[PDB]
């Protein structure tokens, strides 16, 4: 029986959810596609159902969004910012139950569910101010009576495909900035976080509707691969922002390129921690633990490879091993819990596969490697030593808590090994020259680099230069005017 029909989960109704929900929103609510049940990963119990988009729903929604755009694009950017502000406030009002839904359906612990909603609120607060800054310079020409104008216009319809592990804030970032830039949006979320997508969309729909704006400015089309593929191939989707697996992302990028569209791709993270001989172990150990096992190893920023100098390799592993033992496991909505379940049963199987492959490729499981004996999708946070940095499994996209540990003897080889990889790098050392080399041209090619950083989400590290990220959701033109 459905969790939403059970008394203690009645709070789900505060988000407008019921036993069976419409997964399409374009000003009207609907859904003639496949009905999907989403499950609570902490106990494998069905929560509720969502009627996903058919192809016809998708087609209709795109047309309605492009119609809404005609209205929305004529609304001054600061007034668009005000709408985004109101979205932030509406999320604020529901931050506790929406956070609880994130922990329930997705599986991250409560303060991260709530904190992810907070990131969306923060982004809205930011966007209101940003909306006053959207524009380019007028420069004088070398020609008398001629003006040179850098003009920024909305791209039109921004398609947004998001992943299971951040099922609120990635949409939120894309949506807040796309909106202030004068675009309409169409969202296809992970099918296993459909209730979350529906709930967020209900909050946004109310703001739009209260402001007498067409709902399709923020359209939703819940669905699986066919819907995502349709968006990738749709010339009416002027910009496709995709976040998710490397394999699907590659195919999305190719489809967009084939039609000369624009895409923004945020793909898989095989992130490294490097601890040099002179590292502060009091910093290294807790930072590595939270980076590796936080959100059950399912962040795009999750530490999956730990390089340790051979001199301190054993001590650091021994302390991580003891630390892993003390991780508090349970339901993710229990405030005491630090470690919840993996998102799906398939995830647990992928985890088991990876662990076997690591062993066969020479690795030793010095902690974990196994499924926990309890309801839900619980696996032991896992540590593997002995592999070469070259090992195929260590460079396999697996959203599971498996930490591959590598020894190194000097700066030379460990820099080289990491340069062989093509999201974030974190180093621990007191050698300033070493830090400058790693931050400079010869170092990591990662978009995110941390230096001696001890262990809310750090959205500030994922923001073009400075505040110019809005330019990614607009198109530039150079306009030359002869007013002579």
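Whichever C-alpha set is largest while still superposing within 1.5 Å between the two forms counts as the rigid core. Residue numbers count along the first chain shown, from 1.
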> Once the rigid core is matched, which of the two stretches, 320-328 or 142-150, lies farther off on average in 4 other deposited structures of this protein by C-alpha?
Replying inline: 142-150
> When the core is superposed, where do the C-alphas shift more in 4 other deposited structures of this protein: in 406-414 or in 290-298?
Replying inline: 406-414
>> For the step residue 455 to residue 456, what size class fits the number of deposited residues with no coordinates, none, 1 to 3, 4 to 9, or 10 or more?
In response: 4 to 9
> From residue 422 to residue 423, how many deposited residues does the entry skip: none, 1 to 3, 4 to 9, or 10 or more?
Replying inline: 1 to 3
>> Going by the mean C-alpha B-factor recorded in the entry, which is higher: 301-309 or 198-206?
In response: 301-309
> For the stretches 413-421 and 428-436, which has the higher mean C-alpha B-factor as given in the deposited record?
Replying inline: 413-421
> Whose CA atom has the top B-factor in the entry, of 102, 213, 264, 371?
Replying inline: 371
> Which listed residue, 168, 292, 232, 283, has the largest C-alpha temperature factor in the record?
Replying inline: 283
> Taking the entry's C-alpha B-factors for this chain, is residue 16 in the lowest, middle or highest third?
Replying inline: middle
> Looking at the C-alpha B-factor of residue 66, is it in the lowest, middle or highest third of its chain?
Replying inline: lowest
> Taking the C-alpha B-factors as the PDB entry records them, is residue 24 in the lowest, middle or highest third of its chain?
Replying inline: lowest
>> When the deposited Cα B-factors of this chain's modelled residues are ordered and cut into thirds, is residue 361 in the lowest, the middle or the highest one?
In response: highest
> Lowest, middle or highest third of the chain for the C-alpha temperature factor of residue 89?
Replying inline: lowest
